[PDB]
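Undergrad: This structure is in structure tokens; I'll ask about it shortly.
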Amino acid sequence: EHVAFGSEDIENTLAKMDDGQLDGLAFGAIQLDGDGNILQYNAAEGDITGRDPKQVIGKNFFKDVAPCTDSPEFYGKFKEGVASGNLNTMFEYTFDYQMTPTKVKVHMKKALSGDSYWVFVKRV
Ligand SMILES: *C(=O)/C=C/c1ccc(O)cc1
């Protein structure tokens, strides 16, 4: 898929893309509901983190999968965005739960329709 990390209209491009198409992206992509449950999780993300995508779909990202993100610096930003109904933030972070610590750039953006939220990830 021909989409760049951080693209201004990424929510339109990805809107309603199915799991197979998401697996074509150059960067990790996770779709979360407003509670942080995982709705979609692509192959590039699994390559970065070791998680098996179909296994983490339905789990809570903050509670279960990624406790290192349960902090004001990641989850706090996410929940503020869910509560506001608007989110577009980009920041670096280190992923380190049961994995070699890995520095990444994270872009969280509210999905176009409904109430879903993207978490995009690339190595830095
Ligand atoms: C910290 O616990 C981060 C873990 C993590 C981040 C992103 C993922 O897709 C999976 C686990």
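Every chain in the structure tokens takes a letter, A first, then B, and so on in the order presented; its residues are numbered from 1, and the ligands are numbered from 1 following the presented order.
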Can you tell me which residues surround range 43-51 of chain A at a distance of at most 6 Å, considering only C-alpha atoms, apart from same-chain residues fewer than 4 positions away, and format the answer as a ChimeraX atom specification?

TA: /A:23,27-28

Undergrad: Pick out the residues sitting within 10 Å of residue 117 in chain A, and hand them over as a list in words; count only C-alpha atoms, and ignore anything fewer than 4 positions along from it in its own chain.

TA: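 After dropping sequence-adjacent residues, the list is residues 11, 30, 31, 32, 33, 34, 35, 36, 38, 39, 78, 81, 82, 85, 86, 87, 88, 108, 109, 110, 111, 112 and 113 of chain A.
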
Undergrad: Taking only C-alpha atoms and all ligand atoms into account, which residues have an atom no farther than 10 Å from ligand 1? I'd like them as a PyMOL selection string.

TA: chain A and resi 28-30+38+41-42+44-53+56+61-70+74+93-99+101-102+104+106+119-121

Undergrad: Could you tell me which of A:107, A:77, A:54, A:123 comes closest to residue 8 in chain A if we count only C-alpha atoms?

TA: A:107

Undergrad: Report, in Å with one decimal, the straight-line distance from CA of residue 114 in chain A to CA of residue 60 in chain A.

TA: 18.9 Å

Undergrad: When you draw a straight line from CA of residue 105 in chain A to CA of residue 92 in chain A, how long is it in Å?

TA: 4.2 Å

Undergrad: Report, in Å to a single decimal, how far apart CA of residue 71 in chain A and CA of residue 84 in chain A are.

TA: 18.2 Å

Undergrad: Could you check the closest approach to residue 57 in chain A for each of A:89, A:37, A:72, A:83 and tell me which residue wins, using only C-alpha atoms?

TA: A:37

Undergrad: Just list as a VMD selection string whatever in chain A DSSP marks as strand (DSSP E or B).

TA: chain A and resid 28 to 33 37 to 41 60 88 to 95 102 to 110 116 to 123

Undergrad: Could those residues be written to a file, using C-alpha atoms, as a PDB file, in the first residue's frame?

TA:
ATOM      1  CA  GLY A  28       2.678  -0.617  11.991  1.00  0.00           C
ATOM      2  CA  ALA A  29      -1.041   0.106  12.256  1.00  0.00           C
ATOM      3  CA  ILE A  30      -3.400  -0.701  15.090  1.00  0.00           C
ATOM      4  CA  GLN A  31      -7.064   0.298  15.299  1.00  0.00           C
ATOM      5  CA  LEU A  32      -8.484   0.680  18.815  1.00  0.00           C
ATOM      6  CA  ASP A  33     -11.957   1.356  20.129  1.00  0.00           C
ATOM      7  CA  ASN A  37      -9.628  -2.784  22.684  1.00  0.00           C
ATOM      8  CA  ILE A  38      -7.778  -3.898  19.577  1.00  0.00           C
ATOM      9  CA  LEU A  39      -9.934  -4.024  16.413  1.00  0.00           C
ATOM     10  CA  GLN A  40      -7.162  -4.345  13.793  1.00  0.00           C
ATOM     11  CA  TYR A  41      -3.429  -5.036  14.048  1.00  0.00           C
ATOM     12  CA  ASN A  60      -7.049  -4.407  25.656  1.00  0.00           C
ATOM     13  CA  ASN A  88      -3.869  13.745  16.371  1.00  0.00           C
ATOM     14  CA  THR A  89      -0.546  13.406  18.113  1.00  0.00           C
ATOM     15  CA  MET A  90       2.899  12.185  17.217  1.00  0.00           C
ATOM     16  CA  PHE A  91       5.674  11.328  19.648  1.00  0.00           C
ATOM     17  CA  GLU A  92       8.542   8.919  20.143  1.00  0.00           C
ATOM     18  CA  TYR A  93       8.294   6.112  22.696  1.00  0.00           C
ATOM     19  CA  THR A  94      10.106   2.962  23.805  1.00  0.00           C
ATOM     20  CA  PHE A  95       8.310  -0.371  23.682  1.00  0.00           C
ATOM     21  CA  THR A 102      12.685  -0.690  20.826  1.00  0.00           C
ATOM     22  CA  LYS A 103      12.405   3.011  20.127  1.00  0.00           C
ATOM     23  CA  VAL A 104       9.601   4.006  17.806  1.00  0.00           C
ATOM     24  CA  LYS A 105       7.722   6.997  16.474  1.00  0.00           C
ATOM     25  CA  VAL A 106       4.019   6.817  17.280  1.00  0.00           C
ATOM     26  CA  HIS A 107       1.221   8.660  15.502  1.00  0.00           C
ATOM     27  CA  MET A 108      -2.253   8.390  17.076  1.00  0.00           C
ATOM     28  CA  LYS A 109      -5.149   9.757  15.047  1.00  0.00           C
ATOM     29  CA  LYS A 110      -8.878   9.456  15.371  1.00  0.00           C
ATOM     30  CA  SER A 116     -12.223   4.361  16.543  1.00  0.00           C
ATOM     31  CA  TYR A 117      -8.616   5.434  16.905  1.00  0.00           C
ATOM     32  CA  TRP A 118      -5.498   4.595  14.957  1.00  0.00           C
ATOM     33  CA  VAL A 119      -2.086   3.965  16.492  1.00  0.00           C
ATOM     34  CA  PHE A 120       0.653   4.025  13.838  1.00  0.00           C
ATOM     35  CA  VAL A 121       4.203   2.966  14.597  1.00  0.00           C
ATOM     36  CA  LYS A 122       7.557   3.025  12.831  1.00  0.00           C
ATOM     37  CA  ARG A 123      11.100   2.389  13.922  1.00  0.00           C
TER      38      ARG A 123
END

Undergrad: DSSP on the backbone, then: every residue of range 4-124 of chain A marked alpha helix (DSSP H), written as a PyMOL selection string.

TA: chain A and resi 10-14+19-22+43-49+53-56+77-84
